[PDB]
Every structure is written in C-alpha cells, then in structure tokens.
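Notes to accompany the following structure.
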Amino acid sequence: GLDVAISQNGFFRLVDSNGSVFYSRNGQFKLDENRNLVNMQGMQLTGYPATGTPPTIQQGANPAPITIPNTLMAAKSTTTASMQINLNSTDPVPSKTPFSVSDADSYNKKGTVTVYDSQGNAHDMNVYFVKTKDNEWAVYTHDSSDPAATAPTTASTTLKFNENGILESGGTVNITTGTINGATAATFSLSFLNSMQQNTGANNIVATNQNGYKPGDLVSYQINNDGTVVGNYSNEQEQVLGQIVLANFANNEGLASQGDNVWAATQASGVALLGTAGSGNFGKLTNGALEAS
C-alpha cells in the first residue's frame with residue numbers, strides 16, 4: 001500500500017479497465033495482481049512507459065497504465081572476484097611439502113570466496129597462500145564444491161611485493177571453477193588489488209567480493225519527487241519502471257465531480273494538458289514514497 005497524495009495542484013491521471021480517463025489528487029495505491037497501481041475503485045494510475053536497454057523515459061510517450069512487473073530476472077555467473085589480504089613479512093616458509101589442501105602446515109593462510117555459475121550453483125573457491133621466499137607468495141585455488149576437481153599442485157598465481165610491501169605483480173588471474181550437477185563452470189578474473197605485505201602482523205583477509213548471484217528474490221520500490229517509479233533489486237541494481245504523469249486544466253472549476261475527490265474533464269474545463277512533477281507547469285511531488293516488497 002503506497003501513499004503519495006497531493007496537497008498541491010496537479011491531479012493523478014487514472015483509467016478504468018475500459019480506457020476511460022479520470023483524475024484525482026488521492027494518492028492511495030495498491031499493487032494488484034495485474035501489476036498495476038490501483039486506487040480503491042480499481043482504476044489504474046497512468047504514466048509514461050519505460051523503453052530500451054537500459055530502460056529510460058522518453059519525452060514522446062503516450063501515458064499508459066503503470067506496470068511494476070513483475071517478471072523475475074535470470075541468474076548471473078560470476079566474472080569478477082576480489083580478495084584483499086594482509087600478509088606477514090615475518091611468516092615462515094612452510095617446511096612441510098608438498099602443498100596440500102589437507103595438510104594445514106603446508107600453507108600460510110586459507111581464504112574462501114563463493115562464486116556462482118550460470119545455473120546459480122554455489123562454488124566455494126578456496127584460496128591458499130604459500131610463502132615461497134622473501135616477498136613472494138604462491139597462490140593455489142580449488143573448487144571445494146566439485147568432488148571431481150583435481151587437487152591443486154601448481155599455483156594459479158604468485159604475488160610479489162616490493163620493499164614497501166605494495167603489490168607489484170601477479171595480482172590478477174583468470175580462474176575456472178569445477179562443474180556441479182551437469183552445469184557449466186564459471187570463469188572469472190580474481191583480483192588481489194590492495195593486498196599488502198605488512199612488516200609485522202598476522203595473515204588476515206580484510207575483504208572479498210564477487211559479482212555473481214543465484215536467481216534470487218529482491219527488495220523495494222519507490223516513487224521519486226519527479227514521479228519516476230524505480231525498483232530496487234537484491235543484486236544491488238535498479239530499474240526504472242515508469243513515470244507518473246500529472247495533468248492541469250485551463251478551467252478547474254469546469255471539471256465534473258465524480259465523488260470522492262475524483263474528477264472528469266468536460267468541455268467547460270478544457271482538455272487535460274499533461275506533464276511531469278518538477279518540470280514545466282508542475283512542481284515536484286512533496287516527497288515521494290518508498291515501500292518494501
């Protein structure tokens with residue numbers, strides 16, 4: 001239940017299911033099963049549609065019932081990931097060889113980042129750091145979520161730090177996951193940007209990130225003060241969904257009262273002249289609204 005009623009001039013422009021056009025300052029809307037914003041009589045709020053990719057609102061558009069679709073979005077295979085680590089320059093070179101994901105004294109640090117394939121399966125990617133000599137650290141990776149994956153015997157990259165402990169080379173490497181339940185692997189660039197070798201400390205992962213996700217439910221929608229309607233999604237992205245139109249008449253005294261505070265245009269009032277809040281004839285909405293799904 002949204003509330004964007006108008007203490008100002010301007011009317012919202014509504015249509016009934018037959019396309020007849022009505023006007024009201026009442027701003028109480030519910031999102032119905034048809035994915036329209038409707039008043040208590042079931043009339044549909046109208047505005048300019050969004051078109052293109054990315055979707056945008058054009059100046060040339062016919063007002064139409066606002067929709068807030070409601071259709072899902074696909075999954076998203078990971079193509080980037082990052083891990084920022086602080087490594088201890090005083091760490092020992094492990095004496096236990098060879099490196100093995102199962103021998104905890106064969107490496108200096110282990111971290112994890114969960115990535116996704118196109119089907120949305122999670123792959124828990126384990127990342128192991130093995131100090132090889134002064135200022136150099138071999139990095140092994142392994143998809144812990146794939147039982148058929150070969151154990152890592154060769155490093156995916158080697159981090160080299162300069163005398164000041166700043167990352168000098170080896171900080172970017174393409175990784176391919178294993179496969180899960182017959183689905184194709186993810187292939188992503190793994191970045192160690194902003195990783196450093198401290199003069200003294202304990203090996204510690206400060207941050208990880210990646211850009212994939214599972215077909216997953218999302219979050220909120222809002223009406224901005226220019227009447228643009230935007231959806232907010234759980235992938236940290238947004239989509240414009242429409243833009244509410246306002247109407248003005250040459251003679252408001254001529255409008256036919258329909259009861260409640262709803263009105264119809266007449267010969268006496270003149271035709272509705274349309275625009276948007278915050279432009280031309282119309283000032284901004286007093287605030288807008290924000291609603292969780």
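The numbers here are math on the coordinates, done by the rules we state, and not lab data. So basically every Cβ, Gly included, is an ideal-geometry build from the backbone, and we count neighbours across all protein chains shown.
Entry note, the chain: relative contact order of 20 percent, from Cα contacts under 8 Å with a spacing of 6+ residues. Counting neighbouring Cβ atoms within 10 Å and putting the fewest first, the residues 16, 217, 91, 143 line up as 217, 16, 91, 143. Spatially close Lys pairs in the chain, defined by Cα atoms under 25 Å apart and a spacing of eight or more places or different chains, total 16. The residues 219, 115, when put in order of fewest to most other Cβ atoms within 10 Å, stand as 219, 115. In this structure the amide hydrogen of residue 157, modeled in the peptide plane, comes within under 5 Å of the amide hydrogens of 139, none closer than 5 places in sequence on its chain. Near the amide H of residue 79, within less than 5 Å, lie the amide hydrogens of 211, 212, all on another chain or at least 5 residues away, with H placed in the peptide plane.
Taking a ≥ b ≥ c as the square roots of the eigenvalues of the alpha-carbon gyration tensor, the stretch 63-175 is classed prolate because a/c is 1.5 or more and a/b outweighs b/c. Quick check on the chain: take the gyration tensor over C-alpha atoms, sort the square-rooted eigenvalues as a ≥ b ≥ c, and tell me if it's rounded (a/c under 1.5), prolate or oblate. Here the chain falls in the prolate category. In order along the stretch 280-288, the Karplus-derived 3J(HN,Hα) couplings, from 6.51 cos²θ - 1.76 cosθ + 1.60 at θ = phi - 60°, round to x, 5, 10, x, 4, 4, 5, 8, x Hz, and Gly and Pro are given as x. Close amide H pairs (under 5 Å, H built 1.01 Å from N) link residue 27 with 4, 5, 6, residues at least 5 positions away or on another chain. For the stretch 109-257, the convex hull drawn through the C-alpha positions has a volume of 200 cubic angstrom per residue.
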